[PDB]
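All remarks here apply to the structure that follows.
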Amino acid sequence: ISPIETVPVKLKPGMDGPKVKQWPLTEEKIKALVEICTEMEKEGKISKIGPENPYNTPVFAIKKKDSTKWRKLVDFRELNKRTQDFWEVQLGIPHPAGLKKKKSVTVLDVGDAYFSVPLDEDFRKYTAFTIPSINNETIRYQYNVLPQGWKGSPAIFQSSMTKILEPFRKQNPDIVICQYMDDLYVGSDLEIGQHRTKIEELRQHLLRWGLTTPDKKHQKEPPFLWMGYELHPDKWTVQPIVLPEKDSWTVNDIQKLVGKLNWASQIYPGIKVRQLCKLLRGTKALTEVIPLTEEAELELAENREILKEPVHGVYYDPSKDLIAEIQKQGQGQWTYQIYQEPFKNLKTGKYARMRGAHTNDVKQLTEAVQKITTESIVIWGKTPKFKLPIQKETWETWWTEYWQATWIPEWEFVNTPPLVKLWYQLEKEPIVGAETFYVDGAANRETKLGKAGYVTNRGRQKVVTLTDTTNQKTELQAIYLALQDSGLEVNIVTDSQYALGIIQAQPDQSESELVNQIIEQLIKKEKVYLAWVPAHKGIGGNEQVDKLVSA
Amino acid sequence: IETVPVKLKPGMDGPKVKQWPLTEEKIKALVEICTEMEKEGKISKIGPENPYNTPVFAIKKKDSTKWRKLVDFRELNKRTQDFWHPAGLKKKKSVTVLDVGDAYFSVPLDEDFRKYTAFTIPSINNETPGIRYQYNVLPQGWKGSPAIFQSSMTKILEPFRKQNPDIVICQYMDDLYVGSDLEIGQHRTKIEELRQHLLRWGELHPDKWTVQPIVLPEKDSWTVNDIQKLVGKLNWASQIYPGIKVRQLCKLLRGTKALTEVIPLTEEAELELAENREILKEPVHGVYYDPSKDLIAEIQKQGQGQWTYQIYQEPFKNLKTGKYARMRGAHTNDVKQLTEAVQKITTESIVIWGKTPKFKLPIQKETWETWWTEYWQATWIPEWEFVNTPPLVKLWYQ
Ligand SMILES: O=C1Nc2ccc(Cl)cc2[C@@](C#CC2CC2)(C(F)(F)F)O1
């Protein structure tokens, strides 16, 4: 084992971990643990204790996979909740797109590393656990090194690994070593034999510090599988995505499927799940069986064809530009591919329809760009140049007139419809000749009964009763009427700041039926000018509707 | 090798704030930087047994090719014990600001408090574990640094405070504010003089900040629209000035007329307006600053590069209001402008009251968090929350 400075551990302030009793086991298990232990004891791993130790964890004996031989496990479950907190190992994991192309790649599985690292002697006592024996006639142990299943084992090991490599990395800056779990991914632009030889240096170096790793003949060769991809040293491809074809589709099956199809929508173009998803409506159980519809049986089939398509990719070249191009693949739905050389993608992805209270394309596009920008700072530490389906004039008009701080990095217009636009724009001044609707709406704070209507110059008017409504719902209702009972050019004066603001923000999507209807009416008109006036004042027209919507 | 023991507010624990992603460029600069401070004993790499963490990044404050390490101890400060303002600072002709952060490297930090100052240098694509450090000296940006250093600070300052007992020197965090009613040449030279004295160790105008007046539109002819908008703005202002009346104007609107119809003002409405303009020719009486209460800085996007703001503690009782503009080159960056604005208003709030204001920013969280760091240039970071500016609130200060 290793000779590296142990890390100083302590129990969460106050707390202390001595207790949880031994789970008396059969005579076959009690001796199948008496054995395995006698082993470790020798290797220097565990140390038969007892001298002064009140703490204790329960040992179990589980049927070792495929073995008539037994295997042990130790419930530190308790010990851990009483163990100080460590610095997270970092759960942000490397994505293929950020890797740099290499000539050779090797993966060193340090695996059996936890038991290779020295534990904080000072803390060992706290590890104690026991082996039962028929007639409680007397086996007490405690670890001397990182324990399989102990809170700090990973964290402390990873840190030991970082230290042990530090020198080697300074010495060979042309070599890239990537840590992750018990794995070491080493890549380089050296010639095959030169590379193989550095690995041996690395392995022996790791072995000098007690960290055993695999031989060049025990090494595992490319491509390597990484969270869905096949990693080759010059490029990557996507592990085949097999969809099963059954006669029995429980709810579970339908979901997992949708689940895989979703993951696939990032990589593959044209995947659909709308109809597989329709199949979950009103389901009563996971084990429930749902017959796939005709359209369901169909997209699934059209999706299998798509999944056959082989998708390859390229790694990162720091000497080239990062370019991100976006497409509106439906309302609120966007597609993106980031590349450096035309058609040679580093990464692609999809952002699903963010269904909120009220936005529009330009706004939606803006968030998409912010998302891809953060993703990029993460992957490459760089922001791509954008090629967006929008005109500098629209963006120009939108921001120049939007109430919120909004922005978009260096970008370029790309004329690839469907484009992102402003489906309508409110006038900035009243309209001459256009009619003038003075709308209003109200509701009780106890009955939720409301009235919504309007009065206009040209005598036209109309009131209406609502039930189970609110002030804001009635106020919006009022504006809808006006857009209906009006010509192609309208002036509307409301007293609702609520209504005003929602509309001022010129939205093209919402989850409110009403709002959507108004949106429609709005797109239709030739000219609309919306105005606001303070609620209850003797303000001509507004005092009039304030009269009708009050019973 | 002395060290005053510093502790966390009772029952509180160290900060475990996550490090946002950094650009390659900012990472590289930070590795250079930290390696230096490591060699000089300023910091030391830490182990996993330390679970605290604070965000750090890099900036370039006003004309610099070389980067500056910036640490966001906001959370650590909010968790650090408390420790213990010459109104003369605000009432000056000119006030200059100075970065004395360097001074702190000189003082060693209570070793037991070091664990909390832990920070991390990220790696692109997570391909490498981040580089972890913790301070051995007093960190810049920490609320405790200025305090524990006050003692030495004042010392080195007496000479200049005795030589020139007419200037005011107030320190906030890593900054030192010096104000004098001198003329620029002598003023800036007397400053350079102070930086000379400081070196043998290691441009604002206050009489210009006030509560801007609300102005009302005046026109040849008035339409129904014009009058409504007018009455709306007034009706709001009635909230700040109860005297403000709209009876006469509203009458001009009695009836459901076209929005564009031209309405002839009455002698009465004209008096009503005449009278309101006057009520508005000054800030509302009885508005005083309360130190036992938080300062609040609200900002609205006016568009075309303009940003109005109001600093206040209680609603409708503005301690100060203003506008910010231009800043050539930022001609197409709302985030740059906003960040500059927030800084400009913080410094200002510091000068005046010697404390930072809690900001209410008209921007989406994501947008601001992505880029604000790209344009920050102070040594401090105020607090903030994001909002959806009322359609009204804007036309009013507009
Ligand atoms: O930067 C690169 N280039 C690269 C190219 C192809 C392969 Cl298969 C692997 C890599 C590599 C890695 C890694 C683990 C994350 C997966 C390596 F460290 F070099 F091994 O990181």
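Letters A, B, ... mirror the listed sequences (proteins, then strands); counts begin at 1. Just so you know, ligand 1 is whichever comes first in the structure, and atom 1 is the first atom listed for that ligand. The basis for the numbers below is simple: all heavy atoms, side chains too, and nothing from hydrogens, waters or symmetry mates.
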In the protein, what heavy atom is nearest to atom 5 (C) of ligand 1, and what distance, to one decimal place, separates them? A:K100 O, 3.2 Å
Using the ring of A:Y351 (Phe, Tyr or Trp, six-membered ring only), decide whether A:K371 places NZ or CZ under 6.0 Å from its centre and within 45 degrees of its axis. yes
Against the six-membered ring of A:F115, is A:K45 placed for a cation-pi contact (under 6.0 Å from the centre, within 45° of the normal)? yes
For atom 6 (C) of ligand 1, closest protein heavy-atom neighbour: A:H232 O, 3.4 Å
Donor-acceptor contact present, side-chain B:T128 to main-chain B:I124, <3.5 Å: no
For atom 15 (C) of ligand 1, which candidate among A:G98, A:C178, A:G187 provides the closest heavy atom? A:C178
So which bit of A:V176 gets within less than 4.0 Å of ligand 1, heavy atoms only: side chain, backbone, both or neither? both
How far is atom 10 (C) of ligand 1 from its nearest protein heavy atom, and which residue and atom is that? A:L99 CD1, 3.8 Å
Has A:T127 got a side-chain atom pairing as donor or acceptor with A:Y143's backbone, closer than 3.5 angstrom? yes
How does A:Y315 reach ligand 1, by side chain, by backbone, by both or by neither, if only non-hydrogen atoms under 4.0 Å count? side chain
Identified side chain to side chain contact (heavy atoms under 4.5 Å, CB included) partner of B:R74 from the options B:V17, B:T54, B:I381: B:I381
Closest protein heavy atom to atom 18 (F) of ligand 1, given as residue, atom name and distance to 0.1 Å: A:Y185 O, 3.1 Å
